[PDB]
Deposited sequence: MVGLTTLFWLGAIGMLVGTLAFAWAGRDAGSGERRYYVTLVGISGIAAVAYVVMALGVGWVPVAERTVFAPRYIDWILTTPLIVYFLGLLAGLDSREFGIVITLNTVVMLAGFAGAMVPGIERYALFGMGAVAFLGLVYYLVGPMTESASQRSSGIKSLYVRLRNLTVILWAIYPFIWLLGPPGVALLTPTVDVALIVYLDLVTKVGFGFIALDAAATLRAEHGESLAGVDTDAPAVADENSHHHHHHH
């Protein structure tokens, strides 16, 4: 009743609507949000059209998903870094930590043997370091800003930390890991998370930009 392609089209539409909404409201932050959801829109369309479905051993890996993540997640971290007022050196640490997470996940998905769990573990370790920087140094830094900016940062940070922490569990329980969850359920869960961590993220920012 509900196929993989239908789910991909749903993600595509959701990202498209977010993209147009952000572009209009911007008639730096607004341009970043267009990139976050705009890139994801393209990845989902490609996947909806059946492009980039790589067979690996016994499972199917969706390559556009990881290219999406590698480009859009640093933009989310960048957005949060601007809110917190990071110096260009602090940016380098967190964006480097982020890229290690994304690359490790991409590589582990593409490896058929058990070495893929070794790649997954390395992404997990780097993710814990990324969480430390969001909850600590970047929160210290955001404190120096107005009360409204600091409030916005804390809200987006909380959304980001809680939801991003769920992805490694979905990956591990799905086809890439112990292939418990079926591809359809696993995809459905990730489409939901992608939409909330990108389009939901964006709309919470828009809401605060009008409350000024």
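Participant: Comparing the deposited sequence against the modelled residues, what ranges come up empty for C-alpha?
Facilitator: Deposited residues absent from the model fall in 28-34, 220-249.
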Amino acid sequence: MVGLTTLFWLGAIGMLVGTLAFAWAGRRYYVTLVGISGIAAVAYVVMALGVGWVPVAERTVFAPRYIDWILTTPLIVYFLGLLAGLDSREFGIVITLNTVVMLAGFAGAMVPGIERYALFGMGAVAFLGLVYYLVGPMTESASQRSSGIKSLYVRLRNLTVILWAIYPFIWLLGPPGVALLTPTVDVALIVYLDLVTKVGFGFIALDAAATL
From here on, numbers count along this sequence of modelled residues.
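Participant: What stretch has the higher average Cα B-factor here, 55-63 or 179-187?
Facilitator: Averaged over C-alpha atoms, the B-factors run higher in 55-63.
Participant: Quick check: 18-26 versus 196-204, which has the larger average CA B-factor in the record?
Facilitator: The recorded data point to 18-26.
Participant: From 165, 149, 47, 156, pick the one with the largest CA B-factor in the entry?
Facilitator: It is 149.
Participant: In terms of the chain's CA B-factor thirds, is residue 36 lowest, middle or highest?
Facilitator: CA B-factor rank for residue 36: middle third.
Participant: Relative to the other modelled residues in the chain, which third contains the C-alpha temperature factor of residue 117: lowest, middle or highest?
Facilitator: It falls in the middle third of the chain.
Participant: What third of the chain does residue 142 rank in for C-alpha temperature factor, lowest, middle or highest?
Facilitator: According to the entry, residue 142 has a C-alpha B-factor in the chain's highest third.
Participant: Looking at the entry's B-factor column for C-alpha atoms only, identify whether residue 79 ranks in the lowest, middle or highest third of its chain.
Facilitator: Its C-alpha B-factor belongs to the middle third of this chain's values.
Participant: Going by the CA temperature factor in the PDB record, which third of the chain does residue 86 belong to: lowest, middle or highest?
Facilitator: For residue 86, the deposited C-alpha B-factor lands in the highest third.
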